[PDB]
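> One structure, as structure tokens, below. Some questions next.
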Amino acid sequence: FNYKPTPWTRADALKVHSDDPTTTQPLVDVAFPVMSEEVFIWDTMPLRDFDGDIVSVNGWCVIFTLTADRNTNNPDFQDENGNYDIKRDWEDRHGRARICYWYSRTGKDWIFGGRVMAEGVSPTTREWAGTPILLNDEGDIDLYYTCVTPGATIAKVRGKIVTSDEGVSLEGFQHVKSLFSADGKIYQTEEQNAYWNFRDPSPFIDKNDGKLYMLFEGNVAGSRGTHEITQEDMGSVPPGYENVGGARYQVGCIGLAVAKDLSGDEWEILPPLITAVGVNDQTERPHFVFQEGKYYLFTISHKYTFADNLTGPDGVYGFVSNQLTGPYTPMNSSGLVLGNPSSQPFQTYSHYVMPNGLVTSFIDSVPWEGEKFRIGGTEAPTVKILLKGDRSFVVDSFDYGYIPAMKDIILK
Ligand SMILES: [Zn+2]
Ligand SMILES: [Zn+2]
Ligand SMILES: [Zn+2]
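All residue numbers for the sequence shown refer to the deposited numbering, where the first residue is 4 and numbers rise by one.
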């Protein structure tokens, strides 16, 4: 814990540029296909090992998704006229979230596998995002995820993957181990802020010290509205950009914890790697790419969680360091790595950067006819980026939901 968090400053955020074609997701076609007429998916968590390598098992690619039923024929989701209300159904998904798995030989055209956990296994009904880790070539998996309402608790659950020529089955995800919640000295609690953020574990091993760590989304500890914005949060802002309005209400951070040992059964919370006090309230789904001896730290954020007198698009932001604990500098100078285009600002969300440079996201809301929108709840086209020092470049795009493995694990 003998390091300082790196602020993502207001001065950095003032460089954020929407519609830079090197850092903008291609336009989603409003005629996109949907991967299921029975379920919505959104946050997508590819099966990975402790370095971030996407792994297939016996030639089967696997993804875990936040999932909810499409309530097409459910009277509870009809409007006053008795017509299915897709917008109300979709916007209610967070309260219905369950983790499901899908499989494919090809990394696309996903086959639905169903629930990871039987209903009742999760301490909370809501199963919010995290990371599935393939532990070994016997097929053992720890799904790290977030138990939400009551509270917000990082948890994990052990099970097994089994394969055949037909597909993949998950078994034995029966015992959820609660690992930790917000502490109130480093990370903000529900007591301090009814709207606190605490979620989205991403475990990794650092080969430099051999230890097991995890990233998560947090907020900087303190009673809502009381945070002091410091010069270090401001950065070198230009003349006329001193007015921060309500910026003390934006207190996002990328948290870090370290495990007592490689079992990951016991955790010590550490100071955050990145703080965004006075800049953005939500640094969601933090994740690493380890490339060319550097630590590329990515996080997803919203236009509407920026502080007053700052803005940027929905998308993935990022930072790079030579050392796990920093100091970090922002990717592309501003932090923006892949932003939605201004003509379709909500087209996708939950942009997840994999070490092969592929970026997956789910389709949210695309402009349709006049002032109307079409809802996705299905995978967006995969984008390829290159990382070159502290810059990134969009170079290609692929099919809807293309999430191939980087390597294949032969089960013993
Ligand atoms: Zn690996
Ligand atoms: Zn083995
Ligand atoms: Zn947004």
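Beta carbons: idealized from backbone N, C-alpha and C, even for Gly.
For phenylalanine 176, collect the residues of the same chain with a Cβ closer than 6 Å to its Cβ; drop the 5 residues on either side in sequence, then sort them by chain order.
Once the five neighbours on either side are set aside, the close Cβ partners of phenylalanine 176 are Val119, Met120, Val160 and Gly162.
> Return the chain-ordered ranges of every alpha helix (DSSP H) run that is complete within the segment 348-402 and spans a minimum of 4 residues.
Fully enclosed alpha helix (DSSP H) runs of 4 or longer: not present.
> Less than 9 Å separating the beta-carbons of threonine 47 and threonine 363?
Yes, these two residues count as a Cβ contact at 9 Å.
> Give a single yes or no on whether residue 3 has its beta carbon closer than 8 Å to a heavy atom of ligand 2.
For the chain, the structure presents residues 4 to 415; residue 3 sits outside this window and is missing.
> Just to confirm the assignment: which complete beta strand (DSSP E) runs, minimum length 3, are found wholly within the segment 88-161?
Runs found: 101-107, 114-118, 129-137 and 143-151.
> Should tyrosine 252 and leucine 300 be called a contact, given that it needs their Cβ atoms to be closer than 9 Å?
In this structure, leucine 300 does not lie closer than 9 Å to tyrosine 252 by Cβ.
> Is it a yes or a no for the segment 390-398 touching the segment 320-335, going by three-plus beta-carbon pairs under 8 Å?
Yes: at least three Cβ pairs fall under 8 Å.
> Can you name the start and end residues of the alpha helix (DSSP H) that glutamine 234 belongs to?
Residues 234-237.
> What number of angstroms, rounded off, separates the C-alpha of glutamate 231 from the C-alpha of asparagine 246?
Approximately 14 Å, taken between the alpha carbons.
> According to DSSP, simplified to helix, strand and coil, what is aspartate 411?
Reduced to three states, the DSSP call for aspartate 411 is strand.
> Can you name the start and end residues of the alpha helix (DSSP H) that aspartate 186 belongs to?
Taken as a continuous stretch (DSSP letters only), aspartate 186 belongs to no alpha helix (DSSP H), as it is neither H nor E.
> My output table needs one value for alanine 197: the three-state DSSP class, helix, strand or coil.
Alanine 197: coil per DSSP, three-state reduction.
> What residue from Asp402, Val340 and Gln28 has the CA that sits closest to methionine 38's CA?
When only C-alpha atoms are compared, the closest one is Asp402.
> At which residues does the alpha helix (DSSP H) containing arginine 13 begin and terminate?
Taken as a continuous stretch (DSSP letters only), the alpha helix (DSSP H) holding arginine 13 covers 13-16.
> If contacts are defined as beta-carbon pairs under 8 Å, then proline 204 and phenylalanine 53 qualify, I think. What distance do you get, rounded to the angstrom?
Between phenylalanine 53 and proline 204 the Cβ distance is about 13 Å, and since that is not below 8 Å, they are no contact.
> Per DSSP, what kind of secondary structure is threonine 229 in: helix, strand or coil?
Three-state result, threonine 229: coil.
> If you follow the beta strand (DSSP E) that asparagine 325 is in, where does it begin and where does it stop?
No beta strand (DSSP E) holds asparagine 325; DSSP gives it neither H nor E.
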